[PDB]
Structure formats: C-alpha cells, structure tokens
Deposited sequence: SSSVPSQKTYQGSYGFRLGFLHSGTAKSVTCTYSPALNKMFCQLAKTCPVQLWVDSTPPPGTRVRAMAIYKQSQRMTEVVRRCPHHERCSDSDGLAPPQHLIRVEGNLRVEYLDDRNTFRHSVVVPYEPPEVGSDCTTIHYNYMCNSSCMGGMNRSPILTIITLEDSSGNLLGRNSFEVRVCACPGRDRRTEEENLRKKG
C-alpha cells in the first residue's frame, strides 16, 4: 500500500473548510495567507493561526490532525522532517517534528510505525458559543529553505478531521512557505502568478 497520504480536498458531510486571518502589509509580517495561491507565508517557530470552519457539528471525540508533505512529485514520497540544525537547537514536540501546536493541553505527536510520517493531533472543539470557527495555533520549526530539511522544497500542510473510530470526516490542505520575509515573498509569488503563471 502507498505510504503517500492523500492530499485531495474532501470537505465532506460536515462542510469542513479552513480559514486564515488577514494580516498587515509589512515586508516581514509574521504570518500571512494568499487566497489566490492557497498558501501561508510565515516565519519559523512563530504562531500561525488556522481556523476550522464546519457547517454541521462533528461527533464527540473528533480529532484534528496536521501533517506536512512535500508538494512536488520529486519529494512527495519523502517524510518531511525538521533539519538537523533546528533538531539540535530544540517541550512535548519531538525534536525531529516540523509542526508543533501551541495553546492546547491534549496535543499528541505521532510517528507512524509504517510510513514514518510525523503528525500532530488535537481534539476538535466546537466554536465558543458565539464564534463561527475554532482556531488552532501551529508553528513550523524550520524555514522552507533549511538545508538538510525542506531545502527550498514547498510543503503542503494537510489538516484532517477524523472521528474517534478513525473515519475521515473532512480533509483540507494549504501550501506553506516558511521564510524570513512573508510579506515580501507572498507579494513576489502573487506577482509571478500574474506575469508567468
């Protein structure tokens, strides 16, 4: 069986979608999201808020898993891991894991025994009784350019909503560039899309 997890969007019967905060115009804004490119540009180790939107209320015990995969065919079959430098200069998160969660008391970090892929899971909590979404705070512990890790290869983060029995209820994904200057780099990429895409 394949060790490449699926990345296909499956908004599913709960109408699961992700949302992202608007950000300021700064060259080096800490986290910014491009809707045109479905891509988050963010700094390493800094907070990246991701909203979970649903139309119907998931069952008790639903879980939210995040996993990184390389976006291009060239590396899709390789596990995305933290580079040796940021592993050394590393809480609960194992030091080889790229994605950490902040702000949650029931995070689990998983290393798949068969595929060796890392993921990090938190309980699904429904929005607070006005809010329309639930926010989870992720961090990415390397820049996309880290040699010996991502090494300039783009990743997708895949966010799956799973029930406690393991059924896939919903799946969404977004591309990530972890970088020193998220505002510069988002604008560059959007302009490249318009000119050459």
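- No C-alpha positions are given for the deposited-sequence stretch 91 to 93, and it is the only one.
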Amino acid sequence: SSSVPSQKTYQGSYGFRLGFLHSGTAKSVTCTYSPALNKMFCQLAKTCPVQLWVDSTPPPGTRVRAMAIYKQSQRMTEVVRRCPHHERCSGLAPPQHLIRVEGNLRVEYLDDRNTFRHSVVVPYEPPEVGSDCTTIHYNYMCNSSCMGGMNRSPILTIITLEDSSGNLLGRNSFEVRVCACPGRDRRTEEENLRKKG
From here on, numbers count along this sequence of modelled residues.
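- Of the two stretches examined, 164 to 172 and 23 to 31, the record assigns the greater average C-alpha temperature factor to 23 to 31.
- Two stretches are in play, 51 to 59 and 128 to 136, and the higher mean C-alpha B-factor belongs to 128 to 136.
- Remark: of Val120, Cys83, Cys89, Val80, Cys89 shows the highest value [criterion: C-alpha B-factor in the PDB entry].
- Residue-level temperature factors show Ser13 in the middle third of its chain, judged at the C-alpha atom.
- Annotation for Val107: C-alpha temperature factor in the middle third relative to the rest of the modelled chain, per the entry.
- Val101: CA B factor in the middle third of modelled residues in this chain (values from the PDB entry).
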